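Residue numbers (the authors' numbering), protein chains in the order written: chain A, 39 to 329, 569 to 668, 678 to 864; chain B, 39 to 329, 569 to 668, 678 to 864; chain C, 39 to 327, 570 to 666, 679 to 864; chain E, 12 to 166.
For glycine and all other residues, C-beta sits at the position ideal for the given N, C-alpha and C.
Worksheet: the structure to be examined is printed underneath.
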Amino acid sequence: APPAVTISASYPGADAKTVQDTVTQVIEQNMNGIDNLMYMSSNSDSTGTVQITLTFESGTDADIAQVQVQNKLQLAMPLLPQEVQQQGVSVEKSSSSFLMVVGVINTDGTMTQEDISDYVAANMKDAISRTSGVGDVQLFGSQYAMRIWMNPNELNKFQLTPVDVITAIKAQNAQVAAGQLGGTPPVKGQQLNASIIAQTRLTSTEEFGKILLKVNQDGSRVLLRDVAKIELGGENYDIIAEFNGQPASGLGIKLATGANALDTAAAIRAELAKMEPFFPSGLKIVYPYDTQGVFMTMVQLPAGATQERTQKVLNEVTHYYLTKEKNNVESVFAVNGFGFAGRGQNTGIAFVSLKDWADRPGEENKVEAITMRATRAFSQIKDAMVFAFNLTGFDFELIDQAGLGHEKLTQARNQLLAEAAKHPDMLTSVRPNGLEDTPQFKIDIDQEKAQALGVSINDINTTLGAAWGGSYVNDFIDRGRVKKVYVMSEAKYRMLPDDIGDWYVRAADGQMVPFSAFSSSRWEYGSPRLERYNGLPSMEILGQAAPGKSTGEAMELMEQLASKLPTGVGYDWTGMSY
Amino acid sequence: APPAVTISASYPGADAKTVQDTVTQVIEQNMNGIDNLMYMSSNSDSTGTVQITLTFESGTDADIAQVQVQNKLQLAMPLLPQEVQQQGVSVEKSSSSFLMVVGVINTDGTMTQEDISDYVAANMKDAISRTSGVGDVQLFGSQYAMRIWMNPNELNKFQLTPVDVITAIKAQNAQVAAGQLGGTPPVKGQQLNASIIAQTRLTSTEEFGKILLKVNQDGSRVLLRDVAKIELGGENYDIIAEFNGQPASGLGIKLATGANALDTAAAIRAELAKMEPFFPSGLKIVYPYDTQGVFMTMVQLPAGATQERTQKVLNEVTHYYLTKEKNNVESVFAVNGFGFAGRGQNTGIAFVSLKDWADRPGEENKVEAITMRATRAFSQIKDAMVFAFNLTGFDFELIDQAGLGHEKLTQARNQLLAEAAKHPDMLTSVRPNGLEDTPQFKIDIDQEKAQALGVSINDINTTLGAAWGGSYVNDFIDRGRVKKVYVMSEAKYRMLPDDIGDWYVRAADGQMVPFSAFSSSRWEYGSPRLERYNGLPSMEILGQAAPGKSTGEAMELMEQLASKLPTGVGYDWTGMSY
Amino acid sequence: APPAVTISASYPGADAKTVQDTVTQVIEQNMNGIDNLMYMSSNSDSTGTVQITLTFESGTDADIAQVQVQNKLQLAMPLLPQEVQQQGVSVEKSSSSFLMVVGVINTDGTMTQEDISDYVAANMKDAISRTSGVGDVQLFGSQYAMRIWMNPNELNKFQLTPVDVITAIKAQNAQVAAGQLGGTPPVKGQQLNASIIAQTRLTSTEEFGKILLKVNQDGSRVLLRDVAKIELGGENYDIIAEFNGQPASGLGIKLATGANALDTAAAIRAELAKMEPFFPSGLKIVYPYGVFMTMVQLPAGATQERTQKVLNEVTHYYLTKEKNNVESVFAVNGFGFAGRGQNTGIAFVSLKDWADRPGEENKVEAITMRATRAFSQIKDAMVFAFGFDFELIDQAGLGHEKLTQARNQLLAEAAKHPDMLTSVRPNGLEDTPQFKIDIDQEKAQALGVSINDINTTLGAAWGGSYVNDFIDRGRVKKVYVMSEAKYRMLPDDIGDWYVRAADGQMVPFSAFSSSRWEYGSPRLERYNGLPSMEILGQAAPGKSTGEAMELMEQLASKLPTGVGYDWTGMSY
Amino acid sequence: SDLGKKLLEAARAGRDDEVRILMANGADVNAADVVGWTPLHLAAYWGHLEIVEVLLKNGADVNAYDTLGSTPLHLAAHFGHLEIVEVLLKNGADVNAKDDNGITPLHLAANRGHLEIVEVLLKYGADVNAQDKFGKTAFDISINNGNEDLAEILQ
Ligand SMILES: C[C@H]1COc2c(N3CCN(C)CC3)c(F)cc3c(=O)c(C(=O)O)cn1c23
């Protein structure tokens, strides 16, 4: 196991290339002068997420490795966009596998999936994250935020725009340093000394609805609730969890590099015991995964597959264990939106815990046989890569070494994949590891029409970005905890391309201008996940050697096939082939 | 002893809750990925200060712990407010006690307490800071800052607000990068190369005084000295010191964890010798605390106590050693505004130095007996904790486990104290370690009236904050050294509630609007210091066992009455109870 | 050899005092709580560059020091100006050695040093930094930067200022997050989910040239190329590297502690041998450093061009009269030691194998003696081919002007004892003429001209401004806005730069500013946090060093009040 | 001139014996550097009185001005070199010389509070009503600087 350090940033509402060229490349260009560095890979997906992974030689002091990487990241922190820094860039040194999974359900059905997710993040996640030996904690859900769901019809009715909503929230949901009376240095002999308390951060949906946006000239008030629905809601709605079909949430805990698995797992149970007596009624802790006893089932769909389509594949997987393998399976913890290879709408993962070793006599009831039948049952699922494993091949990287561009690296990958198909004697199931380009909406802002109308570019980009992608504004206090405040359009008005024309921006002269008046759009394709290897654009390709022939022969054939690709395309071996 | 790391941040003019809800919680929520962390505690005070103390397991490398905490906070820096960042945060490994104290007095009397403090900061602190094994340097005083003491009556006469003052100071106290003439790339045949010098930072009150704020319609000009008094003064006026009852400043020297005690000390003494030849006339270095021979005297008053009352307790303590133990006490270095625990307008400390051991003969004159007699003499000072000690109960933390709030946690704390008072056969001196709530001045900005008059909220919050709390604008050069510029109201106009209405803010139509038009105020009770333990709101409770019973029974009892506390109130042991 | 740590920062377009009082001091004030620190010294110079060097006790872990130093610096990053944070503040162990210096030229003469440097940055530097056993790598130049060379005459013609050009670039060279169609949470049953793509980074000079600055009230449009010249250039032009008279770039490669030198040297040459098939036509790799150097330093105020003519005469001398011995002459215009600038330079000479250098006249000593004697008669330029360390401290806030007078008092007294002291001289630079311009606030406010508009107009045009990033052939690179050289050379060019007031009228710089000549330092030194001036020297023949040091201590004991001293370097 | 450059650097550094040999060797008394500063300029700027005297005896232009219109009397009045201001005025320096900003030596002395120099300048006929390019006299400088001692000298 080679020690690895991972950098993870987030950019809400950002596409893969926007994330790549404002966050990923900036961080990568400063990742030199780091000792015992073997290679470095990164993913920038349309989730608004970047995950740079830095792998080191065996024996490298993971503590020191983290400091060096973190220390080089500081060179790029001021260069990153403000919206990225506000999410909190993280560097962590952990294994990529899960040590265990802590599940949380509500036996009384008193709490929705969202409610359970927020309680775990607000009352449970931090104490587990600070526990020694815990490298990374993945929440299966998202902490609540103050969600402002804007209505563009009502916003246009009062000559308002998401910019005005954002400005009002920063002004009225503020924490003010107001000073004192009788503060030092005082007039000699002062007796009264009291702190001055001015605006405090709002704490409820009722308070956020009270936020005064404007006073009409006739005297009536237009509040935030008059142009928006205000509710507690998750920071994002991309990770849902189920335990035996019932609503649940949990934390995926990976072990820190070099820590003890038994001692850290025991320290986590001790910390969970400190919070159980103060749970709300109905809440309960369950342990669906503990590291034979267990295995996982990875579900990966094509790019562009929604959370709806992924839930049905997960439903078939959970149905298989609950019906056909019910004599051996105790629980199934299904997670939609989070997967083995990361996080995305088109991925999923099922944690399966078998019943006791004693009540599964016979070899066909053992872990390999159960996973063996499971994958065979999942063989014929359409448009889905569904396999189960307990936990030969090669790891191939196709690099754009002459700045050819993403589209030409795709063709160079297809030409290599086609030539690998004509050699079944040597190469078996050569396929890419990433995602395929999907349709995307390309909108063009006419600078001349914007300037001719008096509509500023910042007003345009803020309106479009906040309504259609969501904008993190500031913080608020929810039951004594600091949480985020997000501003976004109500789902109703950000679903179809015609909804773009329903969004208005106020010009300098005061007239509302519809988004259709200064923009144009067309369909095009673009990557939902851009890969990079050692700083340059890459496309990971994986396969295994044919029956009986060693890996060095398959690698030698792959090297020969790859040298016939167009000029500027190179290659390198990573992971298990390094 | 378990190594501990403390984080220090400050927010000028901010109250306890503002500080906690904007700085403390944000830092605490990012203290994950830290190895070998036992527990975490924090304080957020009405001085505008946070101190988060992270205690690590025994045998932990304090260097690694500090590095890991330093790097985590670096990532959380963009999540903190600009005002806290401009103050600079500190992460320090060190013990709680001082290694030595370097006092500085002025025999000539040409330098007051304020000037002595500025000299030690501007000419001694930084060099002592870089010395071998000195972890924490505490200045008993404040470095000078360019103090702008605004007058609200003059500002209203020229239709100006503190926003205009802060804007003009940033514009006319600037260090401008202006490039070069004949710089690269140059036209060929160029024979001249010279740096362009635009505006340089100001160096004197005279320069700040002629900062042009605005020119009137009749040609007359309004300078900064026409609306304010321009003087040199401390960044803060919180801490002042005295050596044998005469004006003094000094440096509190803490040993960095793991450093040698003596060889450090000699290095401080070595660097001090390099400074003495260039002292002004009258300045002299005295050594009031050198670690038998010395002891300390703690003075703690309840919250809501001013420096005047604290100074009264200090004089009584100083007068005791200088009169009734003059045969034994060589000198007394007393500080007000700084106690052993931390900072506070209600706290103080006195470093007592004895005469040579040989000159005090017998058991009656050694540090043990002298501290016993002193504590006995100070025990009847009313409304003050005064103890004397050189260099065994329990340490209890009451935890808010279910988002109850500060007020509900206070009632639960009082409930546990009342029940512990009914067992004098078991626990005695059951007391909270923190502070009680004090009257504070809640002021509400009416948003509707502010918008009807056309008065910006940020103009209102800046006018209120900068005047009554102070505002760090930018830096200037005082005798070749970078120092701060502070904007604040003159004492006169920020002492009692009626003065709130004396402050005017300019509306969009140029009209001056008094604070009384859009505000309303009331007295209420809030906390001057908010405690947290392991990320959750907490209240430290101290105590000990009754005569002739082991703390185990004592501890066991405390656990039992904590069980009868209201729903959502937890508990935890810390300190030497852990 | 005592370990050391170097903090390097950059403030583009800043004068020496500007960098010291906004960067150097703030960092020095935060160097507290660092273990095993012997002393600290720093430079702040003409070019907006500071290098704070903290040297540590012998036996101190250089890695622990580097981490301890950078942690305290990073926590002080919010206290430095935004322009300094953008350029990056590096903290690298000054464990100097340079395993080898690799040069890159092109035989066809079809590439500028800017063109070559960009290739090395994009195609070589990273793959070299990844080869077995290499440490830090410094490139002789920079990658491409989108250079906007403004013209104030056309800018004034359309009532535009550099502020408008910077505003336009940030608006029209932006990578904006725009969200999704049918994104979570959706209306249940939604089928369409596509990412919204709005503005992307510009990628070419053509796309920057079509940035819309404004449209007149008649139909005409004015674009960025209408008021500026666009080109792919370098980020700064303070260095001009040459190899045998040809434009050059390359890498300086240091070895990572614990690795082997013969190993890594062969691993680098093998990694370079693989790249040659991928080189454009004519790109060759040289190894410019049986070697020696030649220093070039012109009077104060000399230009980069005048330093080049002297460096060309030096390169010519070695390639002509020493053609039997000299193999290569790598000339660096703008870099020397004790100070970088337009009036300084250095030349690195590589000679043929000693096995083919028969005769004592062909040994390096006889080559430098001959070179130094021929360079003796170079008009208005010092050119040499090829003790104790004293620091005079400002101990009572006296100032630079008085600390110079105290230095001259010690230097004069030291010349009174040539029997014990010889070659007592300052190591730093002398005060040079500088162009002080005074903004009149009353006239600016009377005319309605914003102070920020003034200081940005002046600074961006005359010093350059790093606006934002762009994508050049798939790589993130910088965008710089600056005046075309023709309009930022001489004081009369100031009157050509116009700022726009609130009422819309263009106000020239001459209307609200005054200018004078004065003297200031192009390189301010500091020792242990206080202003300093380094003084070198040596004992006279027949005298021990400690004999000379005590006389210096005696002479320093009579300097004006508030002036102290310390021993550093090899005298510590 | 090669000698003129050695004279400028010697006058800049206050080397009176090197300046004397350069004068006897025929160096240009009025050699100017790139900014337009003569040896009298730098000796007046750096307060080298006898270098100012030796230069004037050998025919130095007392009223030479640089590329921005500043005379040696300007620099001497600006930097508190009282004795040099007197010998310049005695050798016929223009007391009312203006630079390109219309700024007179009286303005420079008033700006820095060189009161002794202000009296010597007005004794030699300095126009106290002299305005610069912004219309500010030496009296306006005293009011803006808050220098009351100067404000009563000018009355
Ligand atoms: C920063 C300095 C470091 O020293 C340099 C060299 N060395 C001289 C011989 N040894 C002392 C080894 C180091 C060198 F050969 C070339 C260059 C060079 O081209 C260069 C540049 O910016 O273009 C800058 N530098 C160089």
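Should the stretch 782-794 of chain C be called in touch with the stretch 826-840 of chain C, which here means at least 3 C-beta pairs below 8 Å?
-> Too few Cβ pairs lie closer than 8 Å, so no.
Which residue spans inside the stretch 66-127 of chain C form an unbroken alpha helix (DSSP H) run of at least 4?
-> The alpha helix (DSSP H) runs of length 4 or more contained entirely in the stretch 66-127 of chain C are, from start to end of the chain, 100-113 and 120-125.
Hey, how far is the Cα of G766(B) from the Cα of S715(C)?
-> For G766(B) and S715(C), the distance between alpha carbons rounds to 30 Å.
Whose CA, out of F317(B), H692(B), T60(B) and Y811(B), lies closest to the CA of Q123(B)?
-> Nearest of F317(B), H692(B), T60(B) and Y811(B) to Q123(B), Cα basis: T60(B).
Option in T748(A), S805(A) and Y275(A) with minimal Cα separation from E734(A) = Of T748(A), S805(A) and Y275(A), the residue nearest in Cα terms is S805(A).
Which of helix, strand or coil DSSP assigns to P725(B) = Secondary structure of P725(B) (DSSP, three-state): strand.
Same chain, Cβ closer than 7 Å to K163(B), five either side skipped, listed in chain order | Excluding five sequence positions before and after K163(B), the CB atoms of its chain that fall closer than 7 Å to its own CB belong to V175, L177 and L289, given in chain order.
N-terminal and C-terminal residue of the beta strand (DSSP E) that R808(B) is part of = Start and end: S805 to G812.
The stretch 591-601 of chain A touching the stretch 688-702 of chain A, judged by at least three CB pairs closer than 8 Å = Remark: fewer than three beta-carbon pairs, one from each stretch, lie closer than 8 Å, so the stretch 591-601 of chain A and the stretch 688-702 of chain A are not flagged as touching.
Near ligand 1: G619(C) beta-carbon under 7 Å from a heavy atom | No.
Whether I306(C) touches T169(C) by CB criterion (8 Å) | The answer is yes: Cβ separation under 8 Å.
Please work out which residues of its chain come closer than 8 Å, Cβ to Cβ, to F615(C), disregarding the five sequence neighbours upstream and downstream, and give them in chain order.
-> Short of 8 Å from the beta carbon of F615(C), and not among the five residues preceding or following it, lie these beta carbons of its own chain, in chain order: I277, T624, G625 and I626.
Of the residues that make up the stretch 721-739 of chain C, which ones have a beta carbon closer than 9 Å to any beta carbon in chain B?
-> The stretch 721-739 of chain C vs chain B, Cβ under 9 Å: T724, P725, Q726, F727, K728, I729, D730, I731, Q733, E734, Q737 and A738.
Quick one: residues in its chain with C-beta nearer than 8 Å to the C-beta of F664(B), no 5 flanking neighbours on either side, listed in chain order?
-> Non-local C-beta neighbours of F664(B) in its own chain, meaning closer than 8 Å and more than five positions away in sequence, comprise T574, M575, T652 and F655, ordered along the chain.
Is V225(A) buried or exposed, if buried means 16 or more other CB atoms sit within 10 Å of its CB?
-> Exposed.
Assigned secondary structure, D761(B) (DSSP; H/G/I helix, E/B strand, else coil) | Of the three classes helix, strand and coil, the one that applies to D761(B) here is strand, per DSSP.
Identify every residue that forms a DSSP beta bridge with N144(B).
-> In the DSSP output, where bridge partners are listed per residue, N144(B) has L321(B).
Smallest Cα separation from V265(A): which of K770(A), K850(A), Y779(A) and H692(A)?
-> Cα-wise, what sits closest to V265(A) is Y779(A).
With a threshold of 7 Å, establish whether the CB of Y275(C) neighbours any heavy atom of ligand 1.
-> The answer is no for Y275(C).
Whole-angstrom distance between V139(E) and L240(C), CA atom to CA atom = Distance between the alpha carbons of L240(C) and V139(E) is about 59 Å.
CB contact check: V63(E) to chain C, cutoff 8 Å | By this cut-off, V63(E) is not an interface position.
Exposed or buried, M649(C), counting other C-beta atoms within 10 Å across all chains shown (16 or more means buried)?
-> When all chains shown are included, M649(C) counts as exposed.
Contact between the stretch 628-636 of chain C and the stretch 310-327 of chain C: three or more CB pairs below 8 Å?
-> Between the stretch 628-636 of chain C and the stretch 310-327 of chain C, the count of C-beta pairs closer than 8 Å reaches three or more; the two stretches touch.
Between the Cα of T860(C) and those of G821(C), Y77(C) and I204(C), spot the shortest distance and give me the residue it belongs to.
-> Ranked by Cα distance from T860(C), the first of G821(C), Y77(C) and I204(C) is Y77(C).
Cβ-heavy atom distance between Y325(C) and ligand 1 below 7 Å?
-> No, since every heavy atom of ligand 1 falls outside the 7 Å radius drawn around the Cβ of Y325(C).
Of the listed residues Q229(C), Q181(C) and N605(C), nearest to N274(C) (C-alpha basis) = Closest option to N274(C), Cα to Cα, is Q181(C).
Mind checking whether the beta-carbon of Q176(C) lies closer than 7 Å to any heavy atom of ligand 1?
-> Under cutoff, so the answer is yes.
Give the residues of chain B in contact with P223(A), contact being defined as C-beta atoms less than 8 Å apart.
-> Against chain B, a Cβ distance below 8 Å from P223(A) picks out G271, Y275 and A777.
Proximal residues to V142(B) (C-beta, below 7 Å), its chain only, five neighbours per side dropped | If we look at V142(B) and ignore the five residues flanking it on each side, its Cβ neighbours are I154, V158, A286, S287, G288, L321 and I323.
Who are the neighbours of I72(B) on chain A, taking C-beta pairs under 9 Å?
-> Against chain A, a Cβ distance below 9 Å from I72(B) picks out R168 and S170.
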